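Taking it in order: structure first as structure tokens, then the write-up.
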Amino acid sequence: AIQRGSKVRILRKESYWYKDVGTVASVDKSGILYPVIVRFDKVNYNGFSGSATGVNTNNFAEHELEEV
Amino acid sequence: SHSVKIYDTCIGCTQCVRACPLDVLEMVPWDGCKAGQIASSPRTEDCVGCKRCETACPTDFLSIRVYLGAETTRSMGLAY
Amino acid sequence: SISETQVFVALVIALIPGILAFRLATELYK
Amino acid sequence: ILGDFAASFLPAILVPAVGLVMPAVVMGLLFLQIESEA
Amino acid sequence: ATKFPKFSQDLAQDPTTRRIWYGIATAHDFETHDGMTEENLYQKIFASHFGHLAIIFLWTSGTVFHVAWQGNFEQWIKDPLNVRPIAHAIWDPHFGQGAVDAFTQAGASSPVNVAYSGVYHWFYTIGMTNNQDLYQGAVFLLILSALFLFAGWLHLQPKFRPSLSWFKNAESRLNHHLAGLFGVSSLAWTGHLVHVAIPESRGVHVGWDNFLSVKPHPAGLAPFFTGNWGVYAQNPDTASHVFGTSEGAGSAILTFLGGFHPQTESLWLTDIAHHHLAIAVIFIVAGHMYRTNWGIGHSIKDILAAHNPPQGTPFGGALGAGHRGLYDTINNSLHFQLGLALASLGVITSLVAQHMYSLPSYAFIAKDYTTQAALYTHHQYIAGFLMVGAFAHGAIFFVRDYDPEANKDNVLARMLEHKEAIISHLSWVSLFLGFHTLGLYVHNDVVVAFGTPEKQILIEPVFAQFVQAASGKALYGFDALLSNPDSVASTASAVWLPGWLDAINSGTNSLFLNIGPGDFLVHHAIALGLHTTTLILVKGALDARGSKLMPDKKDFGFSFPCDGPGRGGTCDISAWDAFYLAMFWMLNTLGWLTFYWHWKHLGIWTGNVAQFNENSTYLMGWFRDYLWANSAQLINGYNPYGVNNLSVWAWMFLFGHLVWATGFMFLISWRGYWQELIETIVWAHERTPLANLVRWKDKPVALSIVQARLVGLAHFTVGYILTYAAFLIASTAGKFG
Amino acid sequence: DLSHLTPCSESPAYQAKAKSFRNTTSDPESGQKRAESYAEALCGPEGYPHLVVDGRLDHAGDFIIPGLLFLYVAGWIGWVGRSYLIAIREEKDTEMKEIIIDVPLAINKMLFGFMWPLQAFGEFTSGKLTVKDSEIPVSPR
Amino acid sequence: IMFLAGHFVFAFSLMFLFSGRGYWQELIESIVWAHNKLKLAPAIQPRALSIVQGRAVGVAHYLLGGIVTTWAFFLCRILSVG
Amino acid sequence: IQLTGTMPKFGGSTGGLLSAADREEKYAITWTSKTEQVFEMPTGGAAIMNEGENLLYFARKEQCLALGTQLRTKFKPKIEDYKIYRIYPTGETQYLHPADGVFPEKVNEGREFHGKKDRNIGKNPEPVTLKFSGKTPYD
Amino acid sequence: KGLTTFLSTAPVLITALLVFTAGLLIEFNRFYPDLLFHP
Ligand code: CLA
Ligand code: CLA
Ligand code: CLA
Ligand code: CLA
Ligand SMILES: CC1=C(C/C=C(\C)CCC[C@H](C)CCC[C@H](C)CCCC(C)C)C(=O)c2ccccc2C1=O
Ligand code: SF4
Ligand code: SF4
């Protein structure tokens with residue numbers, strides 16, 4: 001059910017968007033641990049101090065997600 | 001000596017190695033990533049603990065993680 | 001007031017926790 | 001200035017001992033303790 | 001390869017000066033010592049307890065020995081309201097003639113210090129009369145300290161080292177602590193009161209020679225066994241009783257008036273003895289609660305596991321699993337026990353401070369004003385220390401002792417489940433107190449400055465005045481539950497009421513002070529201070545294990561500097577930030593309440609209560625009529641024209657300012673500036689002639705980040721207490737001295 | 001009954017102060033208007049008006065009327081802010097009109113913000129005021 | 001009034017000077033959830049002030065509060081004795 | 001081994017080797033350049049890359065890689081052929097920075113997994129599990 | 001056209017709002033001064 005553009009909620013506790021909903025940019029079909037690239041509306045804390053920009057996408061696994 | 005531990009949520013973007021100022025990190029081949037590589041920290045006895053590698057990591061929580069431990073004359077970065 | 005000898009009596013009494021504090025501190029080190 | 005209390009000469013001995021002599025002894029001994037190798 | 005520190009080998013191979021500083025600060029953290037088991041941990045803590053009790057008993061022995069030796073306990077008992085108590089003599093090689101002449105005080109011929117701890121009143125109340133009774137007490141305390149030292153040395157020997165099951169025997173420890181430490185000790189103090197203190201208050205010397213001969217009551221131990229206990233309350237002390245002598249004295253050893261002694265302005269010693277016997281009985285009964293060896297009793301685990309509201313209860317399963325997982329979480333974790341102990345001790349120390357000023361238990365201590373000020377401030381600052389340490393050890397328990405598997409969906413887990421709802425609502429109540437307390441203070445400041453003090457928002461604290469009237473104060477005219485004589489509580493068999501009502505409705509004591517609009521705002525400042533200090537402390541205790549910016553905060557432990565400048569900047573994110581940032585808020589709150597106590601009591605003791613009652617509603621009255629007005633005799637302790645007896649207090653005032661401002665150096669300037677400076681100093685040492693012969697064994701580095709936060713915190717704290725103790729003591733001793 | 005607090009007219013410390021009340025505005029009798037307006041309050045021994053806060057009537061003007069007025073105004077401000085914040089979400093460019101405020105929407109939010117408690121009760125009973133604990137970001141324990 | 005105001009701003013400076021960013025980021029994280037509970041999430045995500053900006057705010061408040069205090073003290077002294 | 005190199009034309013500074021360089025360890029960087037240009041030392045000031053191969057000594061590894069970054073970036077001839085050594089006062093030389101001959105940001109076979117955890121960073125053991133042992137939760 | 005977007009920015013509108021609110025409060029305390037409580 002995980003396909004590109006489907007809105008999905010994160011189940012990683014340590015993630016910035018734990019229990020938050022983001023869209024799927026791409027899913028990798030090769031044998032990698034975290035194939036689902038998920039892009040979010042909000043931005044992460046990542047960056048240096050004083051940086052106005054931050055990342056808003058990450059790779060996740062299948063069991064780390066749920067489709068809404 | 002500090003402990004630089006690299007976890008399996010690594011995209012192989014090599015930003016930690018280019019951000020490292022004392023050549024602690026390097027890239028090894030890895031079958032578990034799309035980029036085909038993961039970071040490793042062989043000469044972690046040279047780690048000062050600046051966490052520039054942790055700054056440059058683009059994962060939601062950092063795949064590379066520095067644990068400040070015992071302090072040596074290289075961890076302090078002392079010219080004297 | 002207390003006497004002059006009572007001060008020296010209290011001092012040599014105070015050597016008994018003086019020695020035993022040294023004995024406890026070395027065994028707490030071990 | 002000596003006091004009217006009993007054994008007034010004991011402040012004249014113990015106060016320079018606890019303020020000068022044994023702190024010098026404790027800093028010397030602790031210096032030798034914390035700076036000795038092995 | 002350095003033998004110091006022995007307990008940590010990571011710090012032993014440190015080639016810098018951080019090794020010594022961190023071996024000092026990690027010496028008492030026995031849990032992180034190398035090669036430390038739990039069985040050795042508990043025994044080392046057990047022996048450190050005995051060493052600490054011996055330190056307490058030696059400190060008490062030194063206090064009593066300095067009252068006996070170079071104090072004036074013979075002269076003070078004759079005139080307790082005029083003779084100044086002497087703590088100890090001064091032997092200073094640095095004194096000139098002016099300081100020797102100034103410190104030759106209290107009827108002495110030597111430079112002496114005036115006692116402000118007020119143990120003179122305590123000793124006079126408990127039965128001490130001459131210097132020999134103090135000397136025998138000091139010698140007995142020396143023997144007791146030596147006994148505790150030998151016990152601590154003995155319990156490190158492998159024959160007498162207790163097992164781990166003995167240390168975690170909570171049921172027996174609680175039984176012997178309530179029955180024996182709290183009940184037998186209170187019963188023994190009742191025995192001292194009815195045997196020594198009450199007859200010495202009535203002129204009857206007892207001593208250790210006559211306590212088997214002087215019978216405490218005319219009907220001795222015969223009404224105790226028959227049951228007619230009223231014989232011990234038949235002839236109470238007359239209101240015309242004079243303390244320490246037989247005229248006006250009664251014969252009853254357990255009276256129950258509940259008022260104040262008309263001469264000493266303190267509670268009756270027979271009242272104190274009756275209270276102690278009552279609480280000794282209750283503590284012994286409470287000590288017979290938990291099962292140890294004889295089958296009957298309680299087990300704490302069954303009480304905790306049975307305490308969860310089931311289904312069908314109107315609250316339902318709101319607590320989740322309830323309290324299961326406790327008695328393993330609490331008993332395994334020493335930081336949980338330490339935090340609970342420090343919280344209980346801080347609350348009861350706050351109660352000691354709030355009760356020894358309004359209900360003095362020592363003879364002529366209400367009229368020694370500087371002793372009251374020193375005692376209240378000393379106990380409230382220590383209560384703030386204990387309370388902040390309680391929350392710090394709660395944070396330590398979460399970061400290194402909390403197991404989410406054992407505490408699964410219990411009360412402790414569900415605290416962390418909504419851990420930031422608490423932080424958000426505590427932030428809301430902190431802002432709700434702060435914005436409006438500062439708004440009313442600034443409004444009052446502006447309208448008083450604009451010549452219109454009648455435009456002030458003056459709010460009468462009607463709820464606390466209703467509480468005062470409910471306790472029996474007829475001044476506010478509420479006529480509620482003890483103020484009127486025709487209430488169900490007033491018409492009861494309460495025989496404390498004839499003493500309590502004229503003790504509370506007389507303005508000559510500190511019992512239930514008159515409160516007005518200047519007491520409402522300071523109380524809300526106090527509520528702001530406790531709520532905000534609780535906000536830093538709860539916020540760091542619940543975010544100790546980790547949170548959104550730093551998920552793995554438990555891997556670095558309790559006390560780490562930062563996690564780098566990445567992720568936006570991560571300064572003060574360890575759970576040690578809670579302690580570090582809450583020492584400031586605790587000190588600010590204790591400053592607020594001790595300024596409140598000191599200014600209100602200075603208005604009371606001077607006899608002009610209107611100054612506080614009109615000037616405490618705005619902050620310039622605080623700044624002028626309390627700080628500037630009462631610092632006058634303080635800063636004139638030494639001037640170009642001479643030296644007063646308060647010259648040491650002016651010197652401590654300036655010393656506290658210097659240490660407090662030196663703390664700003666460690667708190668504002670940070671590490672790498674100083675590391676870059678020490679590198680140039682190292683170059684200058686190694687490149688100059690005749691000093692490069694002297695080489696350091698350890699490489700001089702700057703103080704680390706947590707170390708310097710701690711050093712600036714310690715400077716801020718030590719300067720804070722030193723300058724306020726100097727200002728307090730000199731302010732209320734240059735007037736009432 | 002607050003016997004310690006006397007009315008300012010019967011208090012003989014307020015009448016000494018009320019002669020020397022300064023004028024605040026350009027109106028010459030502003031001090032006399034303040035003196036007559038503050039006489040209905042309760043004055044202590046200082047001669048200054050006190051406010052009794054327990055919700056009683058004949059002293060509700062001290063706190064209850066200003067408190068309810070502030071609660072209406074603060075609920076207006078918070079409800080118009082929440083309405084604007086909700087309205088600018090679901091239109092795919094929210095930071096730019098978070099930083100540069102869309103005035104024609106903000107005016108329509110503001111002038112229709114008088115009926116804030118009715119809309120607050122409607123959103124509370126409808127369940128659209130409070131987000132459920134599942135659909136919300138929570139920090140790690 | 002300006003004397004007391006400068007004392008306030010000098011004391012206000014030490015919150016920024018003494019503390020660090022990682023306390024306030026976590027406190028703002030606690031506030032963000034309470035806003036999320038009532039649909040009050042701002043589009044511009046609230047961050048704590050950066051470390052350099054925290055130092056800048058602290059030193060600007062320190063200088064402002066001290067200088068306003070000394071200005072008020074000097075001017076009110078010299079407008080009474082001069 | 002034995003470090004055949006000539007020193008850049010430097011006027012001498014105060015930021016260079018201290019007493020611990022001849023007693024604990026010092027570091028060296030050797031690089032070959034086909035032109036003569038001006039570079040900035042981490043020691044302080046500017047020195048001259050003379051024609052041919054260069055050898056410099058520093059007190060720290062970070063100074064050597066701060067020089068190596070200046071040799072790689074910000075130069076038009078784009079010097080990558082730099083080697084970093086560690087010299088103990090006994091005389092032993094350890095070749096450090098390009099161990100495989102290739103830069104660490106480029107992947108190479110023959111390098112093994114160091115510090116790699118086959119687990120998520122959130123899937124770490126609690127410290128309460130690892131009480132009273134030498135093991136810390138990142139092992 | 002680009003000027004109205006600048007006037008619709010956060011500082012310009014917050015300054016206009018604060019000046020309007022302060023002016024309303026000042027004009028109220030001029031015409032109706034000294035309101036410590038509701039009579
Ligand atoms: C901790 C308790 C305590 C404290 C704070 C003081 C403090 C003082 N005493 Mg001492 N003293 C004490 C215990 C105490 N004493 C007891 C129990 C006795 C034995 C009966 C005396 C006997 C005594 C004499 C005879 C004299 C003083 C004097 C002094 C003054 C200077 C110290 C000095 O030179 O003599 C210290 C000399 C000693 C023999 C004390 C030995 C150490 C005692 C027993 C307690 C140990 C201290 C502490 C618990 C261990 C270190 C703790 C560490 C963490 C700091 C100072 C006012 C002098 C004075 O009056 O000058 C004006 C003086 O001549 N003291
Ligand atoms: C708490 C302990 C204490 C004690 C008992 C003293 C005692 C004294 N101080 Mg000192 N001092 C101390 C702490 C103390 N100091 C500290 C902490 C500070 C730093 C703030 C100072 C700052 C200070 C200054 C700057 C000066 C004094 C001086 C004096 C002397 C004044 C007597 C006089 O009128 O001149 C008579 C002086 C003498 C008779 C000379 C005494 C020299 C003795 C006999 C030598 C003993 C030799 C001994 C074997 C070696 C030292 C002890 C050894 C165990 C290490 C006297 C020896 C003054 C002085 O004269 O300097 C010596 C002086 O200039 N002190
Ligand atoms: C009846 C027997 C008995 C009694 C009297 C004690 C006594 C004590 N035990 Mg112990 N215990 C016992 C048996 C007993 N225990 C049993 C059988 C167990 C085994 C399960 C334990 C296991 C045990 C542990 C594991 C520990 C203790 C410790 C201690 C000490 C507690 C600290 C202290 O001194 O505070 C004394 C404090 C008070 C008396 C006052 C408490 C606070 C009061 C109630 C508040 C009000 C104060 C009041 C206003 C008075 C003010 C004073 C005045 C100046 C006005 C104390 C000496 C500790 C230790 O080693 O210490 C050396 C500790 O580590 N015990
Ligand atoms: C729509 C705006 C809005 C709303 C309704 C809320 C509502 C909430 N906030 Mg607040 N807040 C906001 C904006 C808002 N806030 C902003 C702008 C700030 C930064 C200064 C904060 C920072 C903040 C703190 C630090 C705290 C709250 C708290 C709270 C709660 C209690 C109310 C309170 O303490 O007010 C306090 C309000 C402020 C300190 C500032 C409010 C500024 C104005 C009044 C907001 C409205 C004007 C807005 C800028 C423009 C409106 C849009 C317009 C174009 C239509 C409540 C859930 C507390 C909480 O968590 O309780 C559960 C808490 O501790 N808020
Ligand atoms: C309180 C605090 C914060 C939080 C501060 C925040 C979130 C700032 C809040 C914004 C305020 C409301 C800006 C108000 C000041 C304006 C510049 C004044 C004009 C505003 C107009 C509306 C009048 C930090 O981020 C911080 C970072 C590093 C060290 C210390 C601290 C620190 O102490
Ligand atoms: S902490 Fe600094 S030196 Fe250590 S690996 Fe990371 S970037 Fe390199
Ligand atoms: S910076 Fe982080 S994500 Fe990028 S290669 Fe290094 S460890 Fe992997």
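Quick note, the sequences are listed as chains A, B, C, D, E, F, G, H and I, same order. Taking our numbering, the leading residue of the first sequence gets 1, the next gets one more, and so forth. Taking our numbering, the leading residue of the second sequence gets 1, the next gets one more, and so forth. Taking our numbering, the leading residue of the third sequence gets 1, the next gets one more, and so forth. Taking our numbering, the leading residue of the fourth sequence gets 1, the next gets one more, and so forth. Taking our numbering, the leading residue of the fifth sequence gets 1, the next gets one more, and so forth. Taking our numbering, the leading residue of the sixth sequence gets 1, the next gets one more, and so forth. Taking our numbering, the leading residue of the seventh sequence gets 1, the next gets one more, and so forth. Taking our numbering, the leading residue of the eighth sequence gets 1, the next gets one more, and so forth. Taking our numbering, the leading residue of the ninth sequence gets 1, the next gets one more, and so forth. Built from N, CA and C at the ideal position, the CB exists for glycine as well.
Among the residues of its own chain, which have a CB less than 8 Å from the CB of E:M652, if the five just before and after it don't count? Along the fifth sequence, read from residue 1 onward, the residue named residue 652 of chain E stands at position 652. Taken in chain order, the residues that qualify are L722, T723, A725 and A726.
Between E:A578 and E:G394, what straight-line distance do the alpha-carbon atoms span, to the nearest angstrom? The residue you call residue 578 of chain E lines up with position 578 of the fifth sequence. The residue you call residue 394 of chain E lines up with position 394 of the fifth sequence. Whole-angstrom Cα-Cα distance: 11 Å.
Taking a cut of 7 Å between CB atoms, which residues from the region 102 to 126 of chain F lie near chain E? none
When we look at the beta-carbon of E:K553 and count the other beta-carbons within 10 Å, is it buried (16 or more) or exposed? On the fifth sequence, residue 553 of chain E is found 553 positions in, with the first residue counted as 1. Classification for E:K553: buried.
Name the residues in the region 14 to 42 of chain G whose C-beta lies less than 7 Å from a C-beta of chain E; which are they? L17, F18, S19, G20, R21, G22, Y23, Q25, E26, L27, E29, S30, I31, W33 and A34
Sorted by chain position, which residues of the same chain lie with C-beta nearer than 7 Å to E:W597's C-beta, five sequence neighbours on each side aside? Within the fifth sequence, residue 597 of chain E is the residue found at index 597, counting from 1. If we look at E:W597 and ignore the five residues flanking it on each side, its Cβ neighbours are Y376.
Helix, strand or coil: which one does DSSP assign to B:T14? Mapped onto the second sequence, residue 14 of chain B falls at position 14. Of the three classes helix, strand and coil, the one that applies to B:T14 here is coil, per DSSP.
Assuming E:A68 contacts E:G127 under a Cβ cut-off of 8 Å, what Cβ separation, rounded to an integer in Å, is found between them? As a first step, residue 68 of chain E is located in the fifth sequence; it is residue number 68 there, counting from the start. As a first step, residue 127 of chain E is located in the fifth sequence; it is residue number 127 there, counting from the start. About 15 Å separates the two Cβ atoms, so there is no contact after all.
Verify whether the separation of the beta carbon atoms of C:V7 and D:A6 is less than 8 Å. Within the third sequence, numbered from 1, the residue matching residue 7 of chain C stands at position 7. Within the fourth sequence, numbered from 1, the residue matching residue 6 of chain D stands at position 6. Yes, the Cβ-Cβ distance between C:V7 and D:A6 is below 8 Å.
Against chain E, does B:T55 count as a neighbour if the rule is that its beta carbon must be under 8 Å from one of theirs? The residue given as residue 55 of chain B occupies position 55 in the second sequence. So yes, B:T55 belongs to the interface.
Beta-bridge partners of B:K5, as assigned by DSSP: In the second sequence, counting from the first residue as 1, residue 5 of chain B sits at position 5. Bridge partners of B:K5: B:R65.
Residues whose Cβ lies closer than 6 Å to any heavy atom of ligand 7, in chain order: B:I6, B:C10, B:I11, B:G12, B:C13, B:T14, B:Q15, B:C16, B:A39, B:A56, B:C57, B:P58, B:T59, B:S63 and B:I64
Considering only heavy atoms of ligand 6, does any lie closer than 7 Å to the CB of B:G49? As a first step, residue 49 of chain B must be located in the second sequence, where it is residue number 49. At least one heavy atom of ligand 6 is nearer than 7 Å to the Cβ of B:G49, so yes.
For ligand 2, I want to know if D:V15 counts as a neighbour, meaning its beta carbon is within less than 7 Å of at least one of the ligand's heavy atoms. On the fourth sequence, position 15 is the one that residue 15 of chain D refers to. At least one heavy atom of ligand 2 is nearer than 7 Å to the Cβ of D:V15, so yes.
Quick one: what's D:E37 bridged to in DSSP? Along the fourth sequence, read from residue 1 onward, the residue named residue 37 of chain D stands at position 37. Bridge partners of D:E37: E:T2.
is_contact[C:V7, chain E] using C-beta, thresh 8 Å: Position 7 of the third sequence, counting from 1, holds the residue named residue 7 of chain C. At least one chain E Cβ lies under 8 Å of C:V7.
Taking 8 Å as the threshold, find out whether the region 564 to 574 of chain E comes into contact with the region 46 to 54 of chain A through three or more Cβ pairs. yes
Under 8 Å, Cβ to Cβ, is there at least one residue of chain C near D:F5? Along the fourth sequence, read from residue 1 onward, the residue named residue 5 of chain D stands at position 5. Interface residue, yes.
Entirely enclosed alpha helix (DSSP H) segments - the region 37 to 65 of chain B, minimum 4 residues: 52 to 55
For A:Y18, I'd like the list of residues in its chain whose CB is within less than 7 Å of its CB, leaving aside the five on either flank, ordered along the chain. The residue given as residue 18 of chain A occupies position 18 in the first sequence. Cβ neighbours of A:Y18 beyond the five flanking positions: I10 and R12.
Let me see if you follow: with CB-CB separation under 8 Å, is F:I100 close to chain I or not? On the sixth sequence, residue 100 of chain F is found 100 positions in, with the first residue counted as 1. Yes - at least one Cβ of chain I is within 8 Å of the one on F:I100.
Cβ-Cβ distance between G:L27 and E:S559 below 8 Å: Start at 1 with the first residue of the seventh sequence, and residue 27 of chain G comes out as number 27. Start at 1 with the first residue of the fifth sequence, and residue 559 of chain E comes out as number 559. No. Outside cutoff.
With 16 other CB atoms within 10 Å as the buried threshold, where does A:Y34 fall? Counting from 1 along the first sequence, the entry for residue 34 of chain A is found at position 34. With 16 or more other Cβ atoms within 10 Å, it is buried.
If you draw a straight line from the C-alpha of E:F95 to the C-alpha of E:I635, how long is it? Start at 1 with the first residue of the fifth sequence, and residue 95 of chain E comes out as number 95. Start at 1 with the first residue of the fifth sequence, and residue 635 of chain E comes out as number 635. Looking at the two C-alpha atoms, the distance is approximately 19 Å.
Note down, in chain order, each residue of its chain lying with its Cβ closer than 7 Å to the Cβ of F:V80, except the 5 sequence neighbours on either side. Along the sixth sequence, one-based indexing puts residue 80 of chain F at 80. Within the same chain, F:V80 has close Cβ partners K109, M110 and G113.
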